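One structure is given below, encoded as structure tokens.
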Amino acid sequence: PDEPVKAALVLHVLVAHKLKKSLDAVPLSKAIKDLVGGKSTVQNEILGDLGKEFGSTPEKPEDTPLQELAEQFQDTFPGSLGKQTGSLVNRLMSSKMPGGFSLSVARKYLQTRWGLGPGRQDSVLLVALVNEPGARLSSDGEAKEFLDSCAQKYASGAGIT
């Protein structure tokens with residue numbers, strides 16, 4: 001069941017996080033310059049977080065849509081955690097979660113309750129990153145409806161259990 005991350009599960013997530021939009025809400029099949037409109041600050045900031053650890057920069061950003069970037073990047077993507085792509089995960093993990101909820105106790109619960117594996121537990125924090133709560137969760141038991149619903153949206157992908 002275990003397989004590494006696809007760039008359409010790690011970087012299509014990130015460009016939906018900057019627009020504060022949903023997964024189906026972006027058209028997914030058009031270029032970055034046409035996505036944001038004419039804001040021209042987030043457009044240079046999308047290439048800011050698309051160029052940190054990711055073999056940093058492609059041959060040209062604004063010619064490919066959100067798939068046709070990633071089909072080029074699969075031979076360059078080693079299945080990394082993310083330096084500051086994956087640091088937005090820790091931002092959710094400290095600002096919106098109760099006291100005593102760093103990534104040690106979370107990654108235990110993703111395996112010992114549902115069963116995902118470390119190759120698939122990267123791609124379930126990112127579907128937690130697109131739907132963040134508006135406030136910090138006031139109890140440890142609030143991770144039983146927030147974090148469990150991320151694996152149910154992950155069940156709309158490969159669909160294991």
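Lettering and numbering for the structure tokens are positional, with chains as A, B, ... in the shown order, residues counted from 1 in each chain, and ligands counted from 1 in the shown order.
Within the 9 Å cut-off around segment 49-54 of chain A, using only C-alpha atoms and omitting residues fewer than 3 positions from it on the same chain, the listed residues are residues 11, 14, 15, 45, 46, 57, 58, 73, 76, 77, 80, 82, 83, 84 and 85 of chain A.
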Shell of 8 Å around segment 25-28 of chain A, only C-alpha atoms, local chain residues under 6 positions omitted, as an MDAnalysis selection string: chainID A and resid 12 16 35 65:67
Store the residues picked out above, limited to N, CA and C atoms, as a PDB file, in the first residue's frame.
```pdb
ATOM      1  N   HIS A  12       0.216  20.931  -5.797  1.00  0.00           N
ATOM      2  CA  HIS A  12      -1.124  21.425  -6.088  1.00  0.00           C
ATOM      3  C   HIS A  12      -1.844  21.818  -4.805  1.00  0.00           C
ATOM      4  N   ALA A  16      -3.096  25.925  -3.828  1.00  0.00           N
ATOM      5  CA  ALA A  16      -4.448  26.148  -3.338  1.00  0.00           C
ATOM      6  C   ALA A  16      -4.451  26.787  -1.960  1.00  0.00           C
ATOM      7  N   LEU A  35      -3.951  32.104 -13.199  1.00  0.00           N
ATOM      8  CA  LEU A  35      -4.667  31.670 -12.003  1.00  0.00           C
ATOM      9  C   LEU A  35      -4.973  32.830 -11.069  1.00  0.00           C
ATOM     10  N   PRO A  65       0.507  24.256 -17.069  1.00  0.00           N
ATOM     11  CA  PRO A  65      -0.529  24.182 -16.027  1.00  0.00           C
ATOM     12  C   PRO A  65      -0.101  23.346 -14.828  1.00  0.00           C
ATOM     13  N   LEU A  66      -1.036  23.084 -13.910  1.00  0.00           N
ATOM     14  CA  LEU A  66      -0.677  22.454 -12.642  1.00  0.00           C
ATOM     15  C   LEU A  66      -0.332  20.975 -12.784  1.00  0.00           C
ATOM     16  N   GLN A  67      -0.779  20.310 -13.847  1.00  0.00           N
ATOM     17  CA  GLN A  67      -0.299  18.955 -14.091  1.00  0.00           C
ATOM     18  C   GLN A  67       1.014  18.990 -14.859  1.00  0.00           C
TER      19      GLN A  67
END
```
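Excluding segment 146-150 of chain A itself and same-chain residues fewer than 3 positions from it, the residues having an atom within 9 Å of it are residues 106, 110, 114, 124, 125, 126, 127, 128, 131, 132, 133, 137, 142, 143, 153, 154 and 155 of chain A, counting only C-alpha atoms.
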Could you tell me which of A:69, A:116, A:129, A:36 comes closest to residue 161 of chain A if we count only C-alpha atoms? A:116
Which residues are near residue 107 of chain A? Cut-off 12 Å, only C-alpha atoms, ignore same chain within fewer than 3 positions. Put them as a PyMOL selection string. chain A and resi 93+101-104+110-125+147
Calculate how many Å separate atom CA of residue 86 of chain A from atom CA of residue 105 of chain A, rounding to one decimal. 17.2 Å
Out of segment 19-143 of chain A, which residues get alpha helix (DSSP H) from DSSP, as a count of residues only? 42
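You can rank A:70, A:47, A:88, A:23 by their closest distance to residue 8 of chain A using only C-alpha atoms, and at the top of that list sits A:70.
For the pair atom CA of residue 68 of chain A and atom CA of residue 55 of chain A, the separation is 16.3 Å.
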Of A:32, A:97, A:81, A:19, the one sitting nearest residue 6 of chain A when using only C-alpha atoms is A:81
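Nearest residue to residue 4 of chain A among A:61, A:87, A:38, A:79 is A:79, counting only C-alpha atoms.
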Do you have the atom CA of residue 108 of chain A-atom CA of residue 138 of chain A distance handy? 20.3 Å
